[PDB]
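Structure first, commentary second.
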Amino acid sequence: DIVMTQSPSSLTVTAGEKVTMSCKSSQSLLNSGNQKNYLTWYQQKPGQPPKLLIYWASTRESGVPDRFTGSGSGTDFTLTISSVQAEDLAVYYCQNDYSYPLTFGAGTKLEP
Amino acid sequence: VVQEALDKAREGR
Amino acid sequence: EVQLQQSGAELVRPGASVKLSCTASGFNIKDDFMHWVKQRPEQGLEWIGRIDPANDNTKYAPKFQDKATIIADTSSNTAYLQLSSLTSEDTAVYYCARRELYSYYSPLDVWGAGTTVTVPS
């Protein structure tokens with residue numbers, strides 16, 4: 001089973017602030033067959049389901065603002081928000097989409 | 001591997 | 001327009017079973033793996049398993065093998081999650097999500113609003 005470790009557990013943010021969150025896997029998520037990292041990032045707001053942000057470590061889902069950038073490979077991944085907006089208050093989760101069982105990190109909560 | 005599961009599904013394997 | 005519609009809140013007694021529904025709209029589930037994810041109050045996300053409606057091929061997380069049964073009805077374009085022998089630990093929000101198969105690879109891009117199951121202590 002792949003364990004996903006996210007840090008920091010929480011972060012107090014202000015509007016316009018640049019923030020970075022880390023997600024590390026216990027096993028590589030890089031598929032040697034297609035050289036793509038099976039790491040997905042989600043954003044989850046109170047009372048709402050997770051919302052897809054980025055997949056394959058750095059590909060932004062259509063509609064997702066450019067201020068969200070995913071990076072990293074192998075076991076080290078990062079989600080960066082160039083300039084925090086009020087609508088960004090939420091918990092961000094990374095997910096091992098490489099092998100079964102699919103697993104999620106404990107998330108990084110952006111708080112006011 | 002997830003990708004393998006997706007590949008097999010679409011290949012009828 | 002694509003969405004997943006989930007059934008209403010369920011208040012269930014311990015020892016009973018409950019079946020949650022996830023109806024797709026805008027696409028046919030035979031072209032998507034249908035997933036279920038659990039999230040306890042104030043906790044993280046736990047993958048339960050998935051099913052391929054085209055052939056009914058399933059895959060579960062080991063910890064849920066003895067608790068959950070995932071099924072699909074292509075006619076009503078609905079996926080289901082049945083939880084057996086309920087306990088208070090099953091109290092959580094259950095989300096369904098889809099993975100489309102037309103793309104070489106696609107993540108879990110569409111999610112339902114979730115269904116809360118509450119089993120008293």
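Each chain of the structure tokens is named A, B, ... in the order shown, its residues numbered from 1; ligands are numbered from 1 in display order.
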Practice item. Based on DSSP run over this structure's backbone, return all residues of chain B in helix (DSSP H, G or I), as a PyMOL selection string. Key: chain B and resi 2-11
Exercise for review: Define the interface residues of chain B facing chain A as those within 9 Å, counting only C-alpha atoms, and report them as a PyMOL selection string.
Suggested key: chain B and resi 1-3
Resulting file, chosen residues, N, CA and C atoms, as a PDB file, in the first residue's frame:
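Result written to selection_38.pdb:
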ATOM      1  N   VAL B   1      -1.213  -2.336 -11.568  1.00  0.00           N
ATOM      2  CA  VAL B   1      -1.061  -0.903 -11.941  1.00  0.00           C
ATOM      3  C   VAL B   1      -2.360  -0.416 -12.572  1.00  0.00           C
ATOM      4  N   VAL B   2      -2.818   0.758 -12.152  1.00  0.00           N
ATOM      5  CA  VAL B   2      -4.060   1.324 -12.667  1.00  0.00           C
ATOM      6  C   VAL B   2      -4.100   1.426 -14.192  1.00  0.00           C
ATOM      7  N   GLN B   3      -3.047   1.968 -14.793  1.00  0.00           N
ATOM      8  CA  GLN B   3      -3.030   2.114 -16.244  1.00  0.00           C
ATOM      9  C   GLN B   3      -3.201   0.768 -16.941  1.00  0.00           C
TER      10      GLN B   3
END
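Picture a line from CA of residue 39 in chain A to CA of residue 3 in chain A; it runs 12.4 Å.
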Check your understanding: Among chain C, which ones does DSSP place in strand (DSSP E), written as a PyMOL selection string?
Key -> chain C and resi 3-6+10-11+18-25+32-39+45-52+57-60+68-73+78-83+92-100+110-111+115-118
Exercise for review: Would you kindly return, as a PyMOL selection string, each protein, DNA or RNA residue with an atom no farther than 10 Å from any atom of residue 75 in chain C, considering only C-alpha atoms and excluding same-chain residues fewer than 3 positions away?
Suggested key: chain C and resi 28-30+72+78
Export, as an mmCIF file, in the first residue's frame, the selected residues with N, CA and C atoms.
data_model
loop_
_atom_site.group_PDB
_atom_site.id
_atom_site.type_symbol
_atom_site.label_atom_id
_atom_site.label_comp_id
_atom_site.auth_asym_id
_atom_site.auth_seq_id
_atom_site.Cartn_x
_atom_site.Cartn_y
_atom_site.Cartn_z
ATOM 1 N N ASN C 28 -23.038 7.739 -20.493
ATOM 2 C CA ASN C 28 -23.424 6.374 -20.152
ATOM 3 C C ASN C 28 -22.302 5.753 -19.331
ATOM 4 N N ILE C 29 -22.646 5.165 -18.191
ATOM 5 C CA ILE C 29 -21.631 4.580 -17.327
ATOM 6 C C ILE C 29 -20.881 3.380 -17.899
ATOM 7 N N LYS C 30 -21.343 2.833 -19.017
ATOM 8 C CA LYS C 30 -20.641 1.696 -19.597
ATOM 9 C C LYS C 30 -19.271 2.137 -20.131
ATOM 10 N N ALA C 72 -23.575 -2.154 -10.669
ATOM 11 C CA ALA C 72 -24.012 -1.180 -11.656
ATOM 12 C C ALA C 72 -25.186 -1.684 -12.481
ATOM 13 N N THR C 78 -27.067 3.774 -13.457
ATOM 14 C CA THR C 78 -26.794 4.009 -12.046
ATOM 15 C C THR C 78 -25.804 3.019 -11.442
#
Review point. In Å, how far is it from CA of residue 101 in chain C to CA of residue 54 in chain A?
Key: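 Computing it gives 17.9 Å between the two atoms.
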Interface rows for chain C against chain A: nearest pair, Å to one decimal, 12 Å, only C-alpha atoms, as JSON lines:
{"residue": "C:4", "atom": "CA", "partner": "A:49", "partner_atom": "CA", "distance": 11.3}
{"residue": "C:6", "atom": "CA", "partner": "A:49", "partner_atom": "CA", "distance": 11.5}
{"residue": "C:35", "atom": "CA", "partner": "A:102", "partner_atom": "CA", "distance": 10.4}
{"residue": "C:36", "atom": "CA", "partner": "A:102", "partner_atom": "CA", "distance": 11.0}
{"residue": "C:37", "atom": "CA", "partner": "A:102", "partner_atom": "CA", "distance": 9.9}
{"residue": "C:38", "atom": "CA", "partner": "A:49", "partner_atom": "CA", "distance": 10.8}
{"residue": "C:39", "atom": "CA", "partner": "A:49", "partner_atom": "CA", "distance": 9.8}
{"residue": "C:41", "atom": "CA", "partner": "A:47", "partner_atom": "CA", "distance": 10.8}
{"residue": "C:42", "atom": "CA", "partner": "A:46", "partner_atom": "CA", "distance": 10.2}
{"residue": "C:43", "atom": "CA", "partner": "A:106", "partner_atom": "CA", "distance": 7.8}
{"residue": "C:44", "atom": "CA", "partner": "A:106", "partner_atom": "CA", "distance": 5.5}
{"residue": "C:45", "atom": "CA", "partner": "A:104", "partner_atom": "CA", "distance": 6.2}
{"residue": "C:46", "atom": "CA", "partner": "A:103", "partner_atom": "CA", "distance": 6.8}
{"residue": "C:47", "atom": "CA", "partner": "A:102", "partner_atom": "CA", "distance": 6.0}
{"residue": "C:48", "atom": "CA", "partner": "A:101", "partner_atom": "CA", "distance": 8.5}
{"residue": "C:49", "atom": "CA", "partner": "A:101", "partner_atom": "CA", "distance": 8.0}
{"residue": "C:50", "atom": "CA", "partner": "A:102", "partner_atom": "CA", "distance": 10.2}
{"residue": "C:58", "atom": "CA", "partner": "A:100", "partner_atom": "CA", "distance": 12.0}
{"residue": "C:59", "atom": "CA", "partner": "A:100", "partner_atom": "CA", "distance": 8.5}
{"residue": "C:60", "atom": "CA", "partner": "A:101", "partner_atom": "CA", "distance": 7.3}
{"residue": "C:61", "atom": "CA", "partner": "A:101", "partner_atom": "CA", "distance": 5.2}
{"residue": "C:62", "atom": "CA", "partner": "A:101", "partner_atom": "CA", "distance": 7.7}
{"residue": "C:63", "atom": "CA", "partner": "A:101", "partner_atom": "CA", "distance": 9.7}
{"residue": "C:64", "atom": "CA", "partner": "A:101", "partner_atom": "CA", "distance": 10.6}
{"residue": "C:65", "atom": "CA", "partner": "A:101", "partner_atom": "CA", "distance": 11.5}
{"residue": "C:93", "atom": "CA", "partner": "A:49", "partner_atom": "CA", "distance": 9.4}
{"residue": "C:94", "atom": "CA", "partner": "A:49", "partner_atom": "CA", "distance": 9.5}
{"residue": "C:95", "atom": "CA", "partner": "A:49", "partner_atom": "CA", "distance": 7.1}
{"residue": "C:96", "atom": "CA", "partner": "A:49", "partner_atom": "CA", "distance": 9.4}
{"residue": "C:97", "atom": "CA", "partner": "A:49", "partner_atom": "CA", "distance": 9.6}
{"residue": "C:98", "atom": "CA", "partner": "A:52", "partner_atom": "CA", "distance": 11.6}
{"residue": "C:99", "atom": "CA", "partner": "A:97", "partner_atom": "CA", "distance": 11.2}
{"residue": "C:104", "atom": "CA", "partner": "A:34", "partner_atom": "CA", "distance": 10.8}
{"residue": "C:105", "atom": "CA", "partner": "A:56", "partner_atom": "CA", "distance": 9.3}
{"residue": "C:106", "atom": "CA", "partner": "A:55", "partner_atom": "CA", "distance": 8.1}
{"residue": "C:107", "atom": "CA", "partner": "A:55", "partner_atom": "CA", "distance": 6.4}
{"residue": "C:108", "atom": "CA", "partner": "A:52", "partner_atom": "CA", "distance": 7.3}
{"residue": "C:109", "atom": "CA", "partner": "A:52", "partner_atom": "CA", "distance": 5.6}
{"residue": "C:110", "atom": "CA", "partner": "A:52", "partner_atom": "CA", "distance": 7.7}
{"residue": "C:111", "atom": "CA", "partner": "A:49", "partner_atom": "CA", "distance": 6.6}
{"residue": "C:112", "atom": "CA", "partner": "A:49", "partner_atom": "CA", "distance": 6.9}
{"residue": "C:113", "atom": "CA", "partner": "A:49", "partner_atom": "CA", "distance": 5.6}
{"residue": "C:114", "atom": "CA", "partner": "A:49", "partner_atom": "CA", "distance": 6.6}
{"residue": "C:115", "atom": "CA", "partner": "A:49", "partner_atom": "CA", "distance": 10.2}
{"residue": "C:116", "atom": "CA", "partner": "A:47", "partner_atom": "CA", "distance": 10.7}
Can you tell me which residues surround residue 55 in chain C at a distance of at most 12 Å, considering only C-alpha atoms, apart from same-chain residues fewer than 4 positions away, and format the answer as a compact mmCIF listing (two decimals) with N, CA, C and O atoms, in the first residue's frame?
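Printed below is result14.txt as written:
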# COMPACT_ATOMS: atom_id res chain seq x y z
N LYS B 8 -6.25 -3.09 -20.20
CA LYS B 8 -6.88 -4.39 -20.34
C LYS B 8 -8.38 -4.28 -20.56
O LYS B 8 -8.95 -4.99 -21.39
N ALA B 9 -9.03 -3.39 -19.81
CA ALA B 9 -10.46 -3.20 -19.94
C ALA B 9 -10.83 -2.87 -21.39
O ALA B 9 -11.71 -3.49 -21.97
N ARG B 10 -10.14 -1.89 -21.96
CA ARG B 10 -10.41 -1.47 -23.33
C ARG B 10 -9.96 -2.46 -24.40
O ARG B 10 -10.40 -2.39 -25.54
N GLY B 12 -10.37 -5.72 -23.98
CA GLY B 12 -11.19 -6.91 -23.83
C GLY B 12 -10.44 -8.02 -23.13
O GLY B 12 -10.84 -9.18 -23.18
N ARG B 13 -9.34 -7.66 -22.47
CA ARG B 13 -8.53 -8.63 -21.74
C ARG B 13 -8.80 -8.55 -20.25
O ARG B 13 -8.17 -9.25 -19.45
N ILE C 29 -22.65 5.17 -18.19
CA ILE C 29 -21.63 4.58 -17.33
C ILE C 29 -20.88 3.38 -17.90
O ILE C 29 -19.88 2.95 -17.34
N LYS C 30 -21.34 2.83 -19.02
CA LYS C 30 -20.64 1.70 -19.60
C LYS C 30 -19.27 2.14 -20.13
O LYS C 30 -18.41 1.31 -20.42
N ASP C 31 -19.07 3.45 -20.24
CA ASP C 31 -17.81 3.99 -20.74
C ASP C 31 -16.96 4.56 -19.59
O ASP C 31 -16.00 5.29 -19.82
N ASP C 32 -17.32 4.21 -18.35
CA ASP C 32 -16.59 4.73 -17.19
C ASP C 32 -16.48 3.77 -16.02
O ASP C 32 -17.41 3.02 -15.73
N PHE C 33 -15.35 3.82 -15.32
CA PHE C 33 -15.18 3.02 -14.12
C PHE C 33 -15.91 3.88 -13.09
O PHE C 33 -15.76 5.10 -13.10
N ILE C 51 -16.06 -0.27 -10.07
CA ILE C 51 -16.61 -1.29 -10.93
C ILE C 51 -16.59 -0.80 -12.37
O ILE C 51 -16.70 0.40 -12.63
N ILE C 71 -22.05 -2.33 -7.36
CA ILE C 71 -22.76 -2.87 -8.51
C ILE C 71 -23.21 -1.77 -9.45
O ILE C 71 -23.23 -0.59 -9.09
N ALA C 72 -23.57 -2.15 -10.67
CA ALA C 72 -24.01 -1.18 -11.66
C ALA C 72 -25.19 -1.68 -12.48
O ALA C 72 -25.33 -2.88 -12.72
N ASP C 73 -26.04 -0.75 -12.89
CA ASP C 73 -27.19 -1.07 -13.72
C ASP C 73 -27.10 -0.13 -14.90
O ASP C 73 -27.43 1.05 -14.79
N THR C 74 -26.64 -0.64 -16.04
CA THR C 74 -26.49 0.20 -17.22
C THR C 74 -27.82 0.72 -17.74
O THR C 74 -27.89 1.83 -18.28
Point to revise | Selection near residue 112 in chain A, 9 Å with only C-alpha atoms, sequence-local residues under 5 positions removed, as a PyMOL selection string | key: chain A and resi 11-14+86+89
Practice item. Pick out the closest residue to chain B from this set: C:3, C:17, C:77, C:103. Count only C-alpha atoms. Key: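 Looking at the shortest contact to chain B, the residue is C:103.
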Point to revise | Distance query residue 83 in chain A at most 8 Å, only C-alpha atoms, self and fewer than 5 positions along chain excluded, as a PyMOL selection string | key: chain A and resi 15-19+67
Review point. From the set C:52, C:11, C:76, C:121, which residue has the shortest atom-to-atom contact distance to residue 6 in chain B, counting only C-alpha atoms?
Key: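 So, comparing all the options, the nearest one is C:52.
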Review point. Quick one: of C:86, C:92, C:68, C:54, who's nearest to chain B, counting only C-alpha atoms?
Key: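 Ranking C:86, C:92, C:68, C:54 by distance to chain B, first place goes to C:54.
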